[PDB]
Structures are given as C-alpha cells and as structure tokens.
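What follows is a short report on a single structure.
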Amino acid sequence: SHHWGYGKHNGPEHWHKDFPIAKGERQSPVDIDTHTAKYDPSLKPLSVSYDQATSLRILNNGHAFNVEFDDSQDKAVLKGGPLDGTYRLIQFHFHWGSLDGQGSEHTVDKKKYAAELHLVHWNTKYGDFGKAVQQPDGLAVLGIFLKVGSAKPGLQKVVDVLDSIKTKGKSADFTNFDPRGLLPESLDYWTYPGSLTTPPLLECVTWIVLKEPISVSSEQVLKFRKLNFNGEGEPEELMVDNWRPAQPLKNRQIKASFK
Ligand SMILES: [Hg+2]
Ligand SMILES: [Zn+2]
C-alpha cells in the first residue's frame, strides 16, 4: 500500500502495513451468520428520512464513485434502530464485482451478492464528518445488497452519468437525485459495530445492513464495470472487485431487527 487499492500488490492483504487498525477488534465487513444473529427487542423503529435530500455531485475517487450530498442542514437523516440521536447523509457509493457472483462486502451465510450500496451518515452530535470519525459512534452506514435481475429504475440516473466520470478524479454535477429510489420495500436489518471498509479503516461505524436486496439489471451493473480505477490518459484498469472480504467477527454479536 504505496497507494492502497484492490490489486495484488496494494489490496486488502496489504492495507495493514499503512493502516494497522486493519487487524483491529471491530473491522468490517463481516459475514452475517443468520442463525447466530439474535432478534433484539431493544432496537427502536428505524427511520430513513430522505425526502429533503439534496444531492450535489458525483465523483470518481479512484476506488468507487461517490454521490455527494449537501449535509449543511438537517435534511436526509437516519435515526432509530440501534442509533442514539440523528445521523446525516453525506454520500453514497457502491462496491461491486467483475462477475455477478461476487462484489458485496458483507456476506449472508457466506453468500456474496453482486454489489453493495453504502449510504454513509455522520452523527450530528459531533458537528462534522471529520470530528465524527474520531468517535466510536461517529458514523452509521446503511448497507443494501444488490442482486442481478430486474432493473432498478431509481438507479438509472446514476448509471447514465457514469460515462462522464470514467476515470479517477472526474466529477459531474449531480443534483436532484433522490436516494429513496434505491431502497427495498422492507427495512428489516442486521446491525453490529464495525469500521470503514476502506482505508483509513476507522472503527467508528454502526452498520445497519438491510436483509432485502434490491434488484438491478445486468446492463446496470455492466456499466459500473466500465469505470476505471486509473486516471485519464493512463493505462486502463477497470473498476471492478472494489470490495474488502469479510473480517474476523472477534467479540461481536450481530443483532436482528426482525423475528
Ligand atoms: Hg475519512
Ligand atoms: Zn463502502
């Protein structure tokens, strides 16, 4: 990691040299063993309130693409469930595979989905994202699995802008995108305490992983796979397999919101 990435020489097995927390006590993702996960009656109802979300821009950062939100006001927020207080949406992104049989970060009884959507939120008690990532309860990431089947209509606007952000460092205006169109019907979830799944791997995250996947079409995920990890005018390296494998569960319990 000389810069970190997803290749043989810079990928997840190397991250620990620059980021020793990679071998920490609460790393993500994990495998979700559905039989061992326990219903938790202490969880409150989950509230995903995205009606006033204001997207701004879409960016290829060289590892994935981020759809960024204006988080300067109390707008798109996550609350309830395992969370204490209010968490504000700052960005979402995906992780995906070279083939439909892999791509997710979390696994469910060892099953890998084709991709995984991460809606990233910071705890408003800490003022900003940067202060939030110095806290054990600074972030909440809502994770949603993607399987290949029917198209997700609400994803198409993302897909259709990807040609403008092919390479690392490119961005495009991306206003008026409604992340409600990326959610499944059910909010049933699993939750556990973990980390960022990319460097700096900080152990700040309450993970909330929905049980119900969304379906996206083969054509939609094929367009993800046309993105590039490299920058413009550099040798093409397709942006595929940008997922970290499951990490040791260590001294954690995964709780279920459902019976
Ligand atoms: Hg960060
Ligand atoms: Zn992620």
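Residues in the structure tokens are numbered from 1 in each chain, the chains being A, B, ... in the order shown, and ligands are numbered from 1 in the order shown.
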
Using only C-alpha atoms and all ligand atoms, which residues of chain A come within 9 Å of ligand 2, and what is the closest atom pair for each, with the distance in Å to one decimal? Give it as CSV, sorted by chain and residue number.
residue,atom,partner,partner_atom_place_in_ligand_line,distance
A:64,CA,ligand 2,1 (Zn),8.4
A:92,CA,ligand 2,1 (Zn),7.9
A:93,CA,ligand 2,1 (Zn),6.2
A:94,CA,ligand 2,1 (Zn),6.0
A:95,CA,ligand 2,1 (Zn),6.2
A:105,CA,ligand 2,1 (Zn),8.0
A:116,CA,ligand 2,1 (Zn),7.7
A:117,CA,ligand 2,1 (Zn),7.0
A:118,CA,ligand 2,1 (Zn),5.0
A:119,CA,ligand 2,1 (Zn),8.0
A:120,CA,ligand 2,1 (Zn),8.1
A:141,CA,ligand 2,1 (Zn),8.2
A:143,CA,ligand 2,1 (Zn),8.2
A:196,CA,ligand 2,1 (Zn),7.2
A:197,CA,ligand 2,1 (Zn),6.0
A:198,CA,ligand 2,1 (Zn),7.1
A:243,CA,ligand 2,1 (Zn),8.0

Inset, instruction - Mind checking which residues fall within 9 Å of stretch 23-32 of chain A, counting only C-alpha atoms, ignoring those fewer than 2 positions away in the same chain, and posting them as a ChimeraX atom specification? - result: /A:16,19-21,34-37,105-111,190,193-198,201-203,205,207,244-252,254

Those same residues, written as a compact mmCIF listing (two decimals), in the first residue's frame with N, CA, C and O atoms?
# COMPACT_ATOMS: atom_id res chain seq x y z
N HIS A 16 -2.86 -3.38 6.10
CA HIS A 16 -2.43 -3.30 7.48
C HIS A 16 -1.07 -2.62 7.67
O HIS A 16 -0.81 -2.10 8.77
N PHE A 19 -2.12 0.94 7.63
CA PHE A 19 -3.27 1.14 8.47
C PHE A 19 -3.37 -0.01 9.44
O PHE A 19 -4.18 -0.95 9.18
N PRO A 20 -2.61 -0.04 10.49
CA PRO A 20 -2.59 -1.23 11.38
C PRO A 20 -3.89 -1.58 11.96
O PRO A 20 -4.09 -2.77 12.35
N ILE A 21 -4.85 -0.68 12.09
CA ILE A 21 -6.18 -0.96 12.55
C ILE A 21 -6.90 -1.99 11.66
O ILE A 21 -7.91 -2.54 12.05
N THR A 34 -26.82 -15.88 9.79
CA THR A 34 -28.22 -15.55 10.10
C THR A 34 -28.75 -16.38 11.21
O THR A 34 -29.68 -15.91 11.88
N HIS A 35 -28.26 -17.57 11.42
CA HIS A 35 -28.71 -18.41 12.51
C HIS A 35 -28.20 -17.95 13.82
O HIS A 35 -28.92 -18.12 14.83
N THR A 36 -26.99 -17.32 13.89
CA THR A 36 -26.39 -16.84 15.12
C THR A 36 -26.88 -15.46 15.47
O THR A 36 -26.88 -15.10 16.63
N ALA A 37 -27.27 -14.66 14.50
CA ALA A 37 -27.81 -13.33 14.79
C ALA A 37 -29.06 -13.46 15.63
O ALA A 37 -29.84 -14.36 15.43
N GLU A 105 -19.50 -6.68 0.12
CA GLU A 105 -18.53 -6.67 1.23
C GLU A 105 -19.05 -7.56 2.34
O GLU A 105 -18.43 -8.55 2.72
N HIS A 106 -20.21 -7.19 2.92
CA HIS A 106 -20.87 -8.14 3.78
C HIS A 106 -21.31 -9.36 2.97
O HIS A 106 -21.58 -9.27 1.78
N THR A 107 -21.40 -10.47 3.68
CA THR A 107 -21.94 -11.72 3.14
C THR A 107 -23.02 -12.20 4.09
O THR A 107 -23.03 -11.81 5.26
N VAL A 108 -23.91 -13.04 3.57
CA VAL A 108 -25.03 -13.54 4.35
C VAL A 108 -24.95 -15.05 4.31
O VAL A 108 -25.08 -15.66 3.24
N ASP A 109 -24.56 -15.69 5.43
CA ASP A 109 -24.28 -17.12 5.43
C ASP A 109 -23.31 -17.51 4.31
O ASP A 109 -23.44 -18.48 3.59
N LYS A 110 -22.30 -16.64 4.19
CA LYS A 110 -21.21 -16.76 3.26
C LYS A 110 -21.57 -16.42 1.78
O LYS A 110 -20.71 -16.41 0.93
N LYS A 111 -22.82 -16.12 1.52
CA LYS A 111 -23.24 -15.73 0.19
C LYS A 111 -22.79 -14.29 -0.13
O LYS A 111 -23.03 -13.38 0.65
N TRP A 190 -29.92 -6.25 9.91
CA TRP A 190 -28.94 -6.69 10.90
C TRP A 190 -28.06 -5.51 11.26
O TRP A 190 -27.77 -4.65 10.44
N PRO A 193 -21.42 -3.28 15.47
CA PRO A 193 -20.43 -2.20 15.46
C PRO A 193 -19.21 -2.60 14.63
O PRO A 193 -18.66 -3.70 14.80
N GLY A 194 -18.77 -1.73 13.74
CA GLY A 194 -17.64 -2.03 12.86
C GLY A 194 -16.90 -0.81 12.45
O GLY A 194 -16.72 0.14 13.22
N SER A 195 -16.41 -0.85 11.20
CA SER A 195 -15.42 0.10 10.74
C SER A 195 -15.74 0.54 9.33
O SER A 195 -16.56 -0.03 8.63
N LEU A 196 -15.00 1.57 8.87
CA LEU A 196 -14.90 1.81 7.45
C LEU A 196 -14.32 0.58 6.78
O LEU A 196 -13.41 -0.06 7.35
N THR A 197 -14.75 0.27 5.57
CA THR A 197 -14.24 -0.89 4.84
C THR A 197 -13.13 -0.57 3.89
O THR A 197 -12.60 -1.47 3.22
N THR A 198 -12.72 0.70 3.81
CA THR A 198 -11.55 1.11 3.08
C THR A 198 -10.65 1.85 4.04
O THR A 198 -11.12 2.42 5.02
N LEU A 201 -9.99 2.82 7.55
CA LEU A 201 -10.44 1.62 8.30
C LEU A 201 -10.85 1.95 9.71
O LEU A 201 -10.85 1.08 10.59
N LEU A 202 -11.30 3.19 9.94
CA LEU A 202 -11.54 3.68 11.28
C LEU A 202 -12.75 3.00 11.89
O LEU A 202 -13.77 2.77 11.23
N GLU A 203 -12.66 2.71 13.17
CA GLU A 203 -13.68 1.92 13.92
C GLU A 203 -14.72 2.85 14.53
O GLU A 203 -14.81 3.01 15.75
N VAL A 205 -18.15 2.99 13.05
CA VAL A 205 -19.38 2.77 12.31
C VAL A 205 -20.33 1.87 13.03
O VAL A 205 -19.98 0.76 13.43
N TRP A 207 -23.04 -0.32 11.72
CA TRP A 207 -23.52 -0.87 10.49
C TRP A 207 -24.96 -1.29 10.61
O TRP A 207 -25.33 -1.98 11.58
N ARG A 244 -13.73 -5.29 0.00
CA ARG A 244 -12.95 -5.92 1.03
C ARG A 244 -13.65 -7.21 1.47
O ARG A 244 -14.85 -7.18 1.67
N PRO A 245 -12.93 -8.30 1.64
CA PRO A 245 -13.59 -9.51 2.11
C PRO A 245 -13.94 -9.40 3.59
O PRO A 245 -13.52 -8.53 4.33
N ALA A 246 -14.77 -10.37 4.02
CA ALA A 246 -15.19 -10.42 5.41
C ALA A 246 -13.99 -10.58 6.36
O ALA A 246 -13.05 -11.34 6.09
N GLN A 247 -14.08 -9.89 7.47
CA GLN A 247 -13.09 -9.82 8.52
C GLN A 247 -13.53 -10.58 9.75
O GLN A 247 -14.72 -10.82 9.94
N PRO A 248 -12.63 -10.89 10.66
CA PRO A 248 -13.00 -11.64 11.84
C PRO A 248 -14.01 -10.92 12.70
O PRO A 248 -13.87 -9.73 13.01
N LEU A 249 -15.01 -11.66 13.16
CA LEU A 249 -16.05 -11.07 13.97
C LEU A 249 -15.55 -10.68 15.36
O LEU A 249 -16.04 -9.71 15.96
N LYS A 250 -14.59 -11.41 15.89
CA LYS A 250 -13.97 -11.03 17.20
C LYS A 250 -15.12 -10.97 18.25
O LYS A 250 -16.05 -11.80 18.22
N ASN A 251 -15.10 -10.05 19.15
CA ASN A 251 -16.00 -10.06 20.27
C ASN A 251 -17.25 -9.22 19.95
O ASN A 251 -17.38 -8.08 20.57
N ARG A 252 -17.98 -9.70 18.88
CA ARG A 252 -19.19 -9.01 18.46
C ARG A 252 -20.35 -9.94 18.27
O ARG A 252 -20.19 -11.11 18.03
N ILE A 254 -24.06 -9.89 16.22
CA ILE A 254 -24.91 -9.26 15.19
C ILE A 254 -26.37 -9.39 15.70
O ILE A 254 -26.81 -10.48 16.09

Inset, instruction - For ligand 1, collect every residue having any atom at a distance of at most 8 Å from a ligand atom (counting only C-alpha atoms and all ligand atoms); output as number ranges by chain. - result: A: 129-130, 133, 199-200, 202

Inset, instruction - Considering only C-alpha atoms, return as an MDAnalysis selection string whatever protein or nucleic-acid residues lie within 8 Å of residue A:103, sequence-local ones (same chain, fewer than 3 positions apart) excluded. - result: chainID A and resid 95:100 112:116 241:243

Inset, instruction - Extract the full set of helix (DSSP H, G or I) residues from stretch 29-241 of chain A according to DSSP on the backbone, and format it as a ChimeraX atom specification. - result: /A:124-126,129-132,153-165,179-182,218-224

Generate the output file for the selected residues, N, CA, C and O atoms, as a CSV table (one decimal), in the first residue's frame.
chain,number,residue,atom,x,y,z
A,124,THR,N,-24.8,13.8,14.2
A,124,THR,CA,-24.8,15.3,14.3
A,124,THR,C,-24.3,15.8,15.6
A,124,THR,O,-23.9,17.0,15.6
A,125,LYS,N,-24.2,15.0,16.6
A,125,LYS,CA,-23.7,15.5,17.9
A,125,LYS,C,-22.2,15.9,17.7
A,125,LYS,O,-21.8,16.7,18.6
A,126,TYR,N,-21.5,15.4,16.7
A,126,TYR,CA,-20.1,15.7,16.5
A,126,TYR,C,-19.9,16.8,15.5
A,126,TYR,O,-18.7,17.1,15.3
A,129,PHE,N,-18.3,15.6,9.7
A,129,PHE,CA,-17.8,14.2,9.4
A,129,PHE,C,-16.4,14.0,10.0
A,129,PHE,O,-16.1,13.0,10.6
A,130,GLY,N,-15.6,15.0,9.9
A,130,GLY,CA,-14.2,14.8,10.3
A,130,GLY,C,-14.1,14.6,11.8
A,130,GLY,O,-13.3,13.8,12.3
A,131,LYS,N,-14.8,15.3,12.6
A,131,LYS,CA,-14.9,15.1,14.0
A,131,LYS,C,-15.6,13.7,14.4
A,131,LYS,O,-15.2,13.0,15.3
A,132,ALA,N,-16.6,13.4,13.6
A,132,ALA,CA,-17.3,12.2,13.8
A,132,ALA,C,-16.4,10.9,13.6
A,132,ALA,O,-16.6,10.0,14.4
A,153,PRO,N,-35.3,1.1,-11.4
A,153,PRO,CA,-35.4,2.3,-12.2
A,153,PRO,C,-34.7,3.5,-11.6
A,153,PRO,O,-34.2,4.4,-12.3
A,154,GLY,N,-34.7,3.6,-10.3
A,154,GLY,CA,-34.2,4.7,-9.5
A,154,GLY,C,-32.6,4.7,-9.5
A,154,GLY,O,-32.1,5.7,-9.1
A,155,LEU,N,-32.0,3.7,-10.0
A,155,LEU,CA,-30.6,3.7,-10.2
A,155,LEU,C,-30.2,4.2,-11.6
A,155,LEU,O,-29.0,4.6,-11.8
A,156,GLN,N,-31.1,4.3,-12.6
A,156,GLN,CA,-30.7,4.6,-13.9
A,156,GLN,C,-30.0,5.9,-14.0
A,156,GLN,O,-29.1,6.0,-14.9
A,157,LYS,N,-30.5,6.9,-13.3
A,157,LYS,CA,-29.8,8.3,-13.5
A,157,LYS,C,-28.3,8.2,-13.1
A,157,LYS,O,-27.5,8.9,-13.6
A,158,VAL,N,-28.0,7.4,-12.1
A,158,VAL,CA,-26.6,7.2,-11.7
A,158,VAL,C,-25.9,6.5,-12.9
A,158,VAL,O,-24.8,6.9,-13.3
A,159,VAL,N,-26.5,5.4,-13.3
A,159,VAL,CA,-25.8,4.7,-14.4
A,159,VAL,C,-25.5,5.6,-15.6
A,159,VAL,O,-24.4,5.5,-16.2
A,160,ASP,N,-26.5,6.4,-16.0
A,160,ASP,CA,-26.3,7.2,-17.2
A,160,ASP,C,-25.3,8.3,-17.1
A,160,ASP,O,-24.9,8.9,-18.1
A,161,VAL,N,-24.9,8.7,-15.9
A,161,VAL,CA,-23.9,9.8,-15.7
A,161,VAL,C,-22.5,9.1,-15.6
A,161,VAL,O,-21.5,9.8,-15.7
A,162,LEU,N,-22.3,7.8,-15.5
A,162,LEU,CA,-21.0,7.2,-15.3
A,162,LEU,C,-20.2,7.5,-16.5
A,162,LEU,O,-18.9,7.5,-16.2
A,163,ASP,N,-20.6,7.6,-17.7
A,163,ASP,CA,-19.7,7.9,-18.8
A,163,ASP,C,-19.0,9.2,-18.6
A,163,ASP,O,-18.0,9.3,-19.4
A,164,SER,N,-19.5,10.1,-17.8
A,164,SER,CA,-18.9,11.4,-17.6
A,164,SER,C,-17.8,11.4,-16.6
A,164,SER,O,-17.1,12.4,-16.4
A,165,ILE,N,-17.7,10.3,-15.8
A,165,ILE,CA,-16.8,10.3,-14.7
A,165,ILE,C,-16.0,9.0,-14.8
A,165,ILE,O,-15.7,8.3,-13.8
A,179,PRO,N,-32.3,9.5,-3.3
A,179,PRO,CA,-31.8,8.2,-2.9
A,179,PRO,C,-33.0,7.3,-2.4
A,179,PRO,O,-32.7,6.1,-2.2
A,180,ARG,N,-34.2,7.8,-2.2
A,180,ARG,CA,-35.3,6.9,-1.9
A,180,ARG,C,-35.5,5.8,-2.9
A,180,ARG,O,-36.0,4.7,-2.6
A,181,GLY,N,-35.1,6.1,-4.2
A,181,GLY,CA,-35.3,5.2,-5.3
A,181,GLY,C,-34.4,4.0,-5.3
A,181,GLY,O,-34.4,3.2,-6.2
A,182,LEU,N,-33.5,3.9,-4.3
A,182,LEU,CA,-32.5,2.9,-4.2
A,182,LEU,C,-32.8,1.9,-3.0
A,182,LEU,O,-32.1,1.0,-2.8
A,218,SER,N,-28.5,-6.6,-15.3
A,218,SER,CA,-27.2,-6.9,-15.8
A,218,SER,C,-26.7,-5.8,-16.5
A,218,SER,O,-25.5,-5.4,-16.3
A,219,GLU,N,-27.4,-5.0,-17.3
A,219,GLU,CA,-27.0,-3.9,-18.0
A,219,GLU,C,-26.5,-2.8,-17.1
A,219,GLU,O,-25.5,-2.1,-17.4
A,220,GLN,N,-27.2,-2.6,-16.0
A,220,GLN,CA,-26.8,-1.5,-15.0
A,220,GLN,C,-25.5,-1.9,-14.4
A,220,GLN,O,-24.6,-1.0,-14.3
A,221,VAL,N,-25.3,-3.1,-13.9
A,221,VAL,CA,-24.0,-3.4,-13.2
A,221,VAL,C,-22.9,-3.5,-14.3
A,221,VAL,O,-21.8,-3.1,-14.0
A,222,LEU,N,-23.2,-3.8,-15.5
A,222,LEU,CA,-22.2,-3.8,-16.6
A,222,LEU,C,-21.6,-2.4,-16.7
A,222,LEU,O,-20.5,-2.3,-17.0
A,223,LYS,N,-22.5,-1.4,-16.6
A,223,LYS,CA,-22.0,0.0,-16.7
A,223,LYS,C,-21.1,0.4,-15.5
A,223,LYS,O,-20.2,1.1,-15.7
A,224,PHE,N,-21.3,-0.1,-14.3
A,224,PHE,CA,-20.4,0.1,-13.2
A,224,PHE,C,-19.0,-0.4,-13.6
A,224,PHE,O,-18.0,0.2,-13.3

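Restricting the calculation to only C-alpha atoms, the smallest distance between residue A:48 and any of A:152, A:75, A:17, A:2 is found for A:75.
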
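Among the candidates A:206, A:104, A:191, A:176, the residue lying nearest to residue A:137 is A:206 (atoms considered: only C-alpha atoms).
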
May I have all residues of stretch 79-249 of chain A that DSSP, computed from the backbone, assigns to strand (DSSP E or B), given as a compact mmCIF listing (two decimals) with C-alpha atoms, in the first residue's frame?
# COMPACT_ATOMS: atom_id res chain seq x y z
CA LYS A 79 -32.39 7.69 13.13
CA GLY A 80 -33.82 4.95 15.32
CA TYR A 87 -27.23 10.83 11.62
CA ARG A 88 -26.98 12.95 8.46
CA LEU A 89 -26.43 11.58 4.98
CA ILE A 90 -23.17 12.76 3.40
CA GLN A 91 -22.62 10.40 0.48
CA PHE A 92 -23.38 7.04 -1.01
CA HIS A 93 -21.29 4.68 -3.08
CA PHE A 94 -21.14 1.04 -4.13
CA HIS A 95 -18.79 -1.91 -4.11
CA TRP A 96 -19.12 -4.46 -6.93
CA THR A 107 -21.94 -11.72 3.14
CA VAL A 108 -25.03 -13.54 4.35
CA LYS A 111 -23.24 -15.73 0.19
CA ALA A 115 -22.78 -5.44 -5.26
CA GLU A 116 -23.42 -3.49 -2.10
CA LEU A 117 -24.65 0.07 -1.67
CA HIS A 118 -23.37 2.11 1.29
CA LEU A 119 -25.31 5.21 2.42
CA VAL A 120 -22.90 6.99 4.75
CA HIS A 121 -24.14 9.16 7.62
CA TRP A 122 -22.45 11.09 10.42
CA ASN A 123 -23.68 11.64 13.97
CA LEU A 139 -20.93 7.11 11.67
CA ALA A 140 -23.83 4.95 10.57
CA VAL A 141 -23.66 3.16 7.24
CA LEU A 142 -26.84 1.74 5.76
CA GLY A 143 -25.81 -1.21 3.58
CA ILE A 144 -28.05 -2.63 0.88
CA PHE A 145 -27.26 -5.67 -1.22
CA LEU A 146 -27.69 -5.72 -5.00
CA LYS A 147 -28.61 -8.81 -6.97
CA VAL A 148 -28.86 -9.05 -10.74
CA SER A 171 -16.71 14.66 -11.17
CA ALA A 172 -20.04 15.85 -12.56
CA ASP A 173 -22.92 17.90 -11.24
CA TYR A 189 -31.93 -5.33 9.08
CA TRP A 190 -28.94 -6.69 10.90
CA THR A 191 -26.72 -4.39 12.93
CA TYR A 192 -23.29 -4.54 14.55
CA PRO A 193 -20.43 -2.20 15.46
CA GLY A 194 -17.64 -2.03 12.86
CA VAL A 205 -19.38 2.77 12.31
CA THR A 206 -22.69 1.40 13.40
CA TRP A 207 -23.52 -0.87 10.49
CA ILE A 208 -27.15 -1.36 9.51
CA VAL A 209 -27.39 -3.97 6.73
CA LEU A 210 -30.79 -4.48 5.16
CA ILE A 214 -32.54 -4.62 -4.41
CA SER A 215 -32.51 -5.98 -7.93
CA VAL A 216 -30.55 -4.22 -10.63
CA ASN A 228 -11.76 2.98 -14.40
CA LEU A 238 -11.35 -1.48 -14.95

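The interatomic distance for the pair atom CA of residue A:150 and atom CA of residue A:217 works out to 5.1 Å.
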
Legend entry - Nearest to residue A:149 by atom-to-atom distance, counting only C-alpha atoms, from A:60, A:175, A:213, A:187: A:213
